[PDB]
Every structure is written in structure tokens, then in C-alpha cells.
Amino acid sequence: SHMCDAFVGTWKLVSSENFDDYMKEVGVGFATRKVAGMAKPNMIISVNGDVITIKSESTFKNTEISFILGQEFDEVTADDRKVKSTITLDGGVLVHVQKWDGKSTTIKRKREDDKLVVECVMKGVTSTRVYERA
């Protein structure tokens, strides 16, 4: 058993708060925000040795990242930003920092009761996206 056991599985989005404003702050344009706003992605998390994989599967777009904790990687986001990402575990919370064009956003993923709560922060704007097991 190990580092991210309680994260592993298939998760479905059940609620989203303040996501449009988070997207605005990140720079997403109108049409993408509207289509992104409707999506109910599945989040699929797996671990194989030191490598963690997080897939996002939806109607719009399927994306995937694989990474080692603390080791920077290149990532193309759902809104087509080319970012440099680093994910660490801080007190049981996955902390994902994306850097691009002198900007930064932080996405925190944590287990709370039977949910996986995703908090997305850019400058003063927070969006909370709640997932349940599928």
C-alpha cells in the first residue's frame, strides 16, 4: 500500500463552483469556457510504482498526465496552454503547480469523506470541483 492509495479509482464530477471565473482568470476564451462548463468529466487515477497517471475523460476532450512526484514535466492543458507542471504530496494533498508565460495556477486534489475535492486557484479566484466514485 502506498502514497496515493485513497486517490486511485474512477471518479465522476458531481458539482462545480466558480469554474467560469477560474477559467476567465486563467485566460480561457468564451467558447471554450461555455463548452468546458457543461462537461462532466470522469477522472481516472492509477499508480504503477512511482508513476501516477491522472486521466480526464469527457465529451469534449480526453487528456492524460503521467508523472513522478517532485519531477517537473511538460503538460498541454485542456485549454491548450503549454505549461510546466510539478506535482507533490503535501500532508496527504496532491499539489499541482502549472507555470506558463510568467503566470501560475495551483490545483489541489484531496480525499474528504467519500469525495475527491479539487480546488483550483489563480490569483484570488478559487473554483471547487467535487468528484464521487463512479
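Residue indices: 1-based, along the sequence shown.
Checked against the record, the higher mean CA B factor of 122-130 and 107-115 lies with 122-130. For the segment pair 95-103 and 58-66, the entry gives 58-66 the higher mean B-factor, averaged over Cα atoms.
The entry lists C-alpha B-factors for 36, 87, 44, 47, and the highest of these is at 36. Compared with the other modelled residues of the chain, the Cα B-factor recorded for residue 28 ranks in the middle third. In the PDB entry, residue 76 places in the highest third of its chain by CA B-factor.
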